[PDB]
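Trainee: I have a structure I would like to understand better, so I am pasting it below and will then ask my questions one at a time.
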Amino acid sequence: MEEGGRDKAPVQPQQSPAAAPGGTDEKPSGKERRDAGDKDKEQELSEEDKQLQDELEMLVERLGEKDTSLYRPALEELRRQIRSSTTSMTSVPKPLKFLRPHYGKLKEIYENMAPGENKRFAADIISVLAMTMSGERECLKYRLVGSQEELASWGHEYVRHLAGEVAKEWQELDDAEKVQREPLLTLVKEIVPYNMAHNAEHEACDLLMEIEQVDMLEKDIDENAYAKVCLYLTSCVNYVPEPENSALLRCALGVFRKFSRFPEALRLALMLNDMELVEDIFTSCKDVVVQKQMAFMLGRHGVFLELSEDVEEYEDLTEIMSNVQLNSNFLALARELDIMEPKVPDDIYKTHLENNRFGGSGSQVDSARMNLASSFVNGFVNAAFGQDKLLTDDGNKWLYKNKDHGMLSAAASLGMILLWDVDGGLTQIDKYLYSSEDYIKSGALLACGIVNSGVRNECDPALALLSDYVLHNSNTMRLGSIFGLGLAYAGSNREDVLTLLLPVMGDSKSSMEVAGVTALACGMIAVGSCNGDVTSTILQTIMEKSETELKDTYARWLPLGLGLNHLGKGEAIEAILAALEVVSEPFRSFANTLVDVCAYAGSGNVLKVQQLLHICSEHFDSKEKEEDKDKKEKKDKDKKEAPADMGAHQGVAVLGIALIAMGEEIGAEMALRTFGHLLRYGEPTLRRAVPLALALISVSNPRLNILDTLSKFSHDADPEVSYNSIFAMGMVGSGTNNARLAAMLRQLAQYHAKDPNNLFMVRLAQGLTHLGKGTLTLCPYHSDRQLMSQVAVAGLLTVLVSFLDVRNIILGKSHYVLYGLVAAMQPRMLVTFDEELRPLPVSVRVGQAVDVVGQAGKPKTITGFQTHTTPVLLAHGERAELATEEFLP
Amino acid sequence: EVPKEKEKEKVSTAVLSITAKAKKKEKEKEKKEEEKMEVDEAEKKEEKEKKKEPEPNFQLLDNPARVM
Amino acid sequence: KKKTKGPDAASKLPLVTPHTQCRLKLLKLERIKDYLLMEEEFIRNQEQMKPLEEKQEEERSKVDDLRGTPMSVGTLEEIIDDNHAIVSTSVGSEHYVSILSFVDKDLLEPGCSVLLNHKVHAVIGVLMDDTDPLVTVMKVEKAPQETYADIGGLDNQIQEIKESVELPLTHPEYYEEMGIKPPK
């Protein structure tokens with residue numbers, strides 16, 4: 001009970017409002033002077049921000065509520081001065097007057113009349129005086145009004161002007177972090193008409209300042225991670241002009257708009273190429289912007305810079321397209337030879353040497369398939385030009401020993417032994433190419449096509465391989481010759497190669513595998529347009545698959561090629577078109593969900609996942625839709641790989657318990673693919689979950705399913721002591737982990753774990769937040785989806801080139817014009833800052849520091865020193881020019 | 818007396834999420850289409866009632882007639 | 037394989053990095069909530085749409101009735117003969133009981149708890165585990181909330197204890213090469 005000795009305000013400011021109705025009555029003195037004497041006190045007490053229990057509002061609300069109710073409506077003589085004063089002095093108390101149900105009462109006073117500028121006494125207060133309740137009103141009442149009646153009265157026009165002035169106020173009161181709440185209103189005001197917010201905020205920041213935009217840009221760019229698809233596109237496109245209109249940096253526009261090539265719009269990518277040719281006037285701003293345009297986003301861009309300045313202003317296209325690729329190969333050779341790379345290691349297979357005494361004696365392995373797996377190990381580990389001269393003659397004797405399929409695989413191993421070669425890899429292949437053996441010739445052609453894979457230059461587009469293709473006399477000597485071509489022009493959507501490979505499937509050859517490989521090649525050649533390929537494929541499916549009910553090689557090549565030909569589009573119209581095209585029997589309806597999900601590569605849509613799990617939920621599936629549930633679980637990892645990393649962990653929580661514990665066929669068999677696709681870093685959570693349910697094969701279940709778990713065991717690159725587990729599993733792999741059923745699987749896994757010290761990275765994530773391409777092939781490789789018995793034979797042709805979207809490991813390089821500088825930086829853990837007012841420490845653990853061109857590593861952020869000014873991109877690109885500028889005397 | 822049939826088959830799917838806003842746009846997909854695709858689909862009305870007025874209150878009975 | 041990791045961690049997701057009244061946190065916790073509701077819905081449908089059941093093989097009930105309804109738990113102490121082991125009850129009263137079939141005679145070992153009948157008092161099963169509720173309670177399963185970010189700066193001590201307890205797990209390549217046992 002504190003009242004007395006000071007509450008004179010509850011005396012005089014109580015009698016004045018009490019006779020204020022009399023002021024509105026016959027006595028105009030109360031109508032003018034009393035209104036002024038109340039408004040001045042209210043403005044004074046809400047002006048200062050020192051006492052957060054306002055001494056005037058809190059002594060009036062009880063009587064003031066009814067006073068305001070019975071004063072304004074019962075005046076009937078609203079002169080400009082008296083009505084303006086009444087509205088001004090009855091609009092402010094409402095925040096204290098009413099409770100949460102106030103959306104219907106933000107305008108009961110303020111809308112009555114606009115007294116001057118409502119921000120005049122609401123100018124320098126940050127989030128106290130009026131902008132809080134004003135922001136709430138404009139957030140909710142405007143949205144309710146504009147839900148369907150967008151074109152209306154002041155609720156659109158004058159509300160727009162109020163929003164503009166309130167954004168100005170948010171900027172001008174304190175210019176504090178509340179600016180990051182100005183976008184809130186921008187996205188809450190004209191929710192649907194977001195454009196007329198985003199443009200407004202762009203212009204408002206145009207005359208704001210050229211340095212206070214970066215924080216707003218980051219806030220918007222990390223708010224775009226998940227929202228409505230159309231809202232996503234609008235926010236991205238409105239972010240695009242921000243680094244150009246207010247600020248004139250215009251250097252990150254070429255990097256943060258390639259992300260909007262496929263996902264946003266094809267014409268968006270057209271305008272991005274337009275702005276990339278309109279810009280790049282500075283020679284520095286061209287060689288760097290072209291570095292990532294080929295080897296970090298996609299191919300098929302070697303002809304867009306061929307204008308009438310093709311001496312050096314347009315000769316850069318050929319440089320960054322292929323000549324930069326050759327220079328990068330030479331660099332990745334020289335540096336590797338400098339640091340860590342002996343010529344012929346071939347030791348990891350021989351690493352199982354301490355086991356010689358263990359378990360008695362040796363001389364147990366005589367399997368012919370073993371020689372195949374050994375060759376594949378010797379190929380995969382020998383990448384990055386780890387050529388073995390006359391040490392591959394073992395593969396020649398094995399090629400002359402047995403396993404014609406193993407002979408083909410061993411022949412194709414030379415493709416990835418000499419990878420990304422242009423000088424003499426084809427020359428090396430040619431000597432063994434003319435060997436008068438069908439399998440040998442097919443393997444030679446596959447290796448030749450692999451050698452130039454990813455280069456997509458005009459060296460030998462169809463010179464050698466297609467001459468044999470047009471001579472498809474043998475059944476076996478016809479698939480790979482075309483299939484490699486699909487890989488060779490994977491990034492190229494050239495219609496010439498598309499219509500040239502269409503005749504492979506139009507030849508009506510008896511080999512259904514040939515048709516499947518042609519479908520795969522046509523799927524992996526183009527990922528966007530050319531619906532005519534889709535029409536031809538669907539017609540071939542109707543004319544062929546109707547009469548057959550065989551293995552899913554149909555479902556492994558036709559619907560996969562269809563999804564690849566229309567991959568990565570959230571329009572869903574193509575999904576509906578293909579859906580209504582192929583309404584048919586359930587064995588064909590297996591492809592319905594496949595084509596539905598292939599067009600949902602990554603986005604935030606809990607509706608999509610909800611129907612994805614509701615579709616193959618339980619259903620008891622008495623041998624009915626096992627393939628449907630298999631693709632549902634294999635794809636549940638997709639659409640979730642860019643959820644802002646919350647979705648990844650939550651999904652791992654769901655998959656760890658739900659399908660693993662209460663599963664019958666989708667769980668016991670196709671539940672390791674989702675882990676094998678979720679991440680490729682190598683962490684204790686998944687590396688523990690996998691072996692516990694995997695090293696114990698659980699022969700009661702389809703024990704071959706455990707074999708699948710072995711393969712995704714090697715889903716982590718970057719060799720580590722994980723081997724120590726699988727090495728032990730090797731010994732228990734003698735009796736258990738059936739040799740004739742899992743020996744080659746364990747051996748290939750152990751070869752993949754420590755496969756290529758350089759170029760180990762293979763995760764389709766160039767840039768912090770980009771995954772433009774490279775998932776194409778990686779999807780077909782993992783598309784074995786069980787049926788490992790079929791894989792045993794198909795892989796000898798397929799597994800050699802099944803995953804061929806590998807990028808080199810290293811990202812740290814000076815990349816000078818002559819590669820002069822070596823290194824001066826500090827690699828560390830990932831970012832440790834998001835929205836901090838204080839200095840932003842990206843490097844959590846700066847302790848680690850190296851001064852060589854050495855490897856980057858996955859969880860590593862790099863920062864520089866010694867004042868080099870690193871003016872290229874400042875983060876990491878493996879090809880930054882990093883010119884020096886030190887105007888600091 | 819009728820033999821009748823009945824099954825459960827399914828469990829409810831009240832998956833309340835951000836879907837709650839999609840339902841606003843989805844109905845527009847019908848507004849732009851159901852007004853143009855068809856207009857002339859209907860069934861008769863009020864003929865199902867004309868049975869009850871013909872209440873046959875002069876019920877006929879044969880020769881050996883049960884009666885309560 | 038031993039009982040394995042048996043990890044103890046709730047640790048759903050901590051990313052509230054805005055740490056203010058921003059929209060990012062609201063959308064992120066929205067994602068968390070809807071994933072949790074999705075998993076709950078899946079488990080409801082998993083438990084609701086089970087149509088298959090017989091689960092007695094016309095003999096499981098036979099074995100269940102042959103053994104007594106209120107089985108008691110005792111301590112084996114010797115096995116003098118096949119089908120005639122010798123057990124004891126709590127009060128230390130031994131009894132020269134018999135051993136019946138349908139009990140894998142492989143895993144029984146002197147000192148292991150077994151399941152016994154009442155009326156005839158023979159051995160009818162083996163109790164797999166016996167841990168009193170004074171040791172299982174000591175275990176933790178919900179991790180406490182803090183982390184290294186809250187410590188006010190103890191670089192020497194933090195680095196020391198990290199080399200003690202954390203580093204040998206994640207990257208155990210160095211210690212073998214040097215030939216040292218990490219401190220315990």
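Protein chains in written order, with the entry's author numbering: chain f, 1 to 889; chain U, 818 to 885; chain B, 37 to 220.
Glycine included, C-beta positions come from ideal geometry on N, C-alpha and C.
Where do the N-terminal and C-terminal ends of the alpha helix (DSSP H) with B:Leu152 fall, by residue?
Mentor: Note, B:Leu152: premise wrong, no alpha helix (DSSP H); beta strand (DSSP E) at 149-152.
Trainee: Have a look at f:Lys178 and f:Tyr554 and give me their C-alpha separation to the nearest angstrom.
Mentor: If you take the alpha carbons of f:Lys178 and f:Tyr554, they lie about 57 Å apart.
Trainee: State yes or no: is the beta carbon of B:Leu73 nearer than 8 Å to at least one beta carbon in chain U?
Mentor: True, the Cβ-Cβ gap to chain U drops below 8 Å.
Trainee: Ignoring anything shorter than 4 residues, give me the alpha helix (DSSP H) runs that lie fully in the region 507-536 of chain f, in order along the chain.
Mentor: The region 507-536 of chain f contains these whole alpha helix (DSSP H) runs: 512-525.
Trainee: On the premise that f:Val793 lies in contact with f:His405, defined as a C-beta separation below 8 Å, what is that separation, rounded to the nearest angstrom?
Mentor: With a Cβ gap of about 6 Å, f:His405 and f:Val793 count as contacting.
Trainee: Near f:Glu190, which residues of its chain fall below 6 Å by C-beta distance, leaving aside the five closest residues on each side in sequence?
Mentor: Hits under 6 Å: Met196, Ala197.
Trainee: Please report the Cβ distance between f:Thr86 and f:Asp35, rounded to the nearest whole angstrom; I am assuming they are in contact, meaning their Cβ atoms lie under 8 Å.
Mentor: 7 Å between Cβ atoms; contact.
Trainee: Reducing DSSP to helix, strand and coil, say where f:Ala661 ends up.
Mentor: Of the three classes helix, strand and coil, the one that applies to f:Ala661 here is helix, per DSSP.
Trainee: Just the chain f side, please: which residues come within less than 8 Å of U:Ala831 by C-beta, in chain order?
Mentor: Those within 8 Å of U:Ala831 in chain f number zero; the least Cβ separation is about 11 Å.
Trainee: Would B:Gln82 pass as an interface residue toward chain f - the criterion being a Cβ-Cβ separation below 8 Å?
Mentor: Judged by the 8 Å Cβ criterion, B:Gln82 is in contact with chain f.
Trainee: DSSP on f:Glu165, reduced to helix/strand/coil?
Mentor: Here f:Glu165 sits in helix by DSSP.
Trainee: Given this structure, state the Cα-to-Cα distance separating f:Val192 from f:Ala490, to the nearest angstrom.
Mentor: Distance between the alpha carbons of f:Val192 and f:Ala490 is about 39 Å.
Trainee: Helix, strand or coil for B:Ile194 per DSSP?
Mentor: Note: B:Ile194 maps to helix in three-state DSSP.
Trainee: Taking C-beta to C-beta, are f:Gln610 and B:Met74 nearer than 8 Å?
Mentor: Closer than 8 Å, so yes.
Trainee: Buried or exposed: which applies to f:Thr392, given that a residue is buried once 16 or more other Cβ atoms fall within 10 Å of its Cβ?
Mentor: Flag for f:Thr392 reads buried.
Trainee: Flag f:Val606 as yes if its beta-carbon sits less than 8 Å from any beta-carbon of chain U, otherwise no.
Mentor: Yes - at least one Cβ of chain U is within 8 Å of the one on f:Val606.
Trainee: Give the residues of chain f in contact with U:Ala882, contact being defined as C-beta atoms less than 7 Å apart.
Mentor: None at all; the shortest Cβ gap to chain f is about 57 Å.
Trainee: Bridge partners for f:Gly864 per DSSP, in chain order?
Mentor: For f:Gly864, which the question treats as bridged, DSSP gives the partners f:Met825.
Trainee: Taking f:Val455 and f:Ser328 to be in contact with their CB atoms under 8 Å, please state how far apart those CB atoms are, rounded to whole angstroms.
Mentor: The Cβ separation is near 11 Å, so there is no contact.
Trainee: Would you call the CB atoms of f:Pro691 and f:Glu669 closer than 8 Å?
Mentor: Not closer than 8 Å, so no.
Trainee: Output yes if chain B places a C-beta closer than 8 Å to the C-beta of U:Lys827; else output no.
Mentor: Judged by the 8 Å Cβ criterion, U:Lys827 is in contact with chain B.
Trainee: Which residue from f:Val597, f:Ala599, f:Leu562 puts its Cα closest to that of f:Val582?
Mentor: It is f:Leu562 whose Cα lies nearest to the Cα of f:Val582.
Trainee: How many whole angstroms separate the CB atoms of f:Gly864 and f:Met825, which I take to be in contact at a CB cut-off of 8 Å?
Mentor: That belief holds up - the Cβ atoms of f:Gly864 and f:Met825 are roughly 5 Å apart, short of 8 Å.
Trainee: Are the C-beta of B:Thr111 and some C-beta of chain f separated by less than 8 Å?
Mentor: So no, B:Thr111 is outside the interface.
Trainee: Any C-beta of chain f sitting closer than 8 Å to the C-beta of B:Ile216?
Mentor: Closer than 8 Å: no.
Trainee: Do you know offhand how far f:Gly516's Cα is from f:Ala488's?
Mentor: Approximately 17 Å, taken between the alpha carbons.
Trainee: Tell me whether f:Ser814 sits in a helix, a strand or coil according to DSSP, three-state version.
Mentor: In the structure shown, f:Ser814 sits in coil (DSSP, three-state: anything other than H, G, I, E or B).
Trainee: Buried or exposed: which applies to f:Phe358, given that a residue is buried once 16 or more other Cβ atoms fall within 10 Å of its Cβ?
Mentor: f:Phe358 comes out exposed.
Trainee: Can you list, in chain order, the residues of the region 831-859 of chain U whose Cβ is nearer than 7 Å to any Cβ on chain f?
Mentor: Listed by position, the residues of the region 831-859 of chain U near chain f (Cβ gap below 7 Å) are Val832, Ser834, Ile835, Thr836, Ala839.
Trainee: What would DSSP say about B:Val123, mapped onto helix, strand or coil?
Mentor: In this structure, B:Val123 counts as strand in the three-state DSSP scheme.
Trainee: Do f:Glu42 and f:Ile82 have their C-beta atoms closer together than 8 Å?
Mentor: Not in contact: f:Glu42 and f:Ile82 (Cβ atoms no closer than 8 Å).
Trainee: With DSSP collapsed to three states, give me the class of B:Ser108.
Mentor: In this structure, B:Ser108 counts as strand in the three-state DSSP scheme.
Trainee: Taking just the CA atoms, how far does f:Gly767 sit from f:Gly425?
Mentor: Approximately 31 Å between the Cα atoms of the pair.
Trainee: For B:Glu77, would you say it is in contact with chain U, using Cβ-to-Cβ distances shorter than 8 Å as the test?
Mentor: Yes - at least one Cβ of chain U is within 8 Å of the one on B:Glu77.
Trainee: How big is the Cα-Cα spacing for f:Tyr71 and f:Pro17?
Mentor: Rounded to whole angstroms, f:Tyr71 to f:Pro17 spans 10 Å at the Cα level.
Trainee: Output the residue ranges of the alpha helix (DSSP H) runs that lie fully inside the region 593-642 of chain f and measure 4 residues or longer, sorted by chain position.
Mentor: Fully enclosed alpha helix (DSSP H) runs of 4 or longer: 606-615, 626-636.
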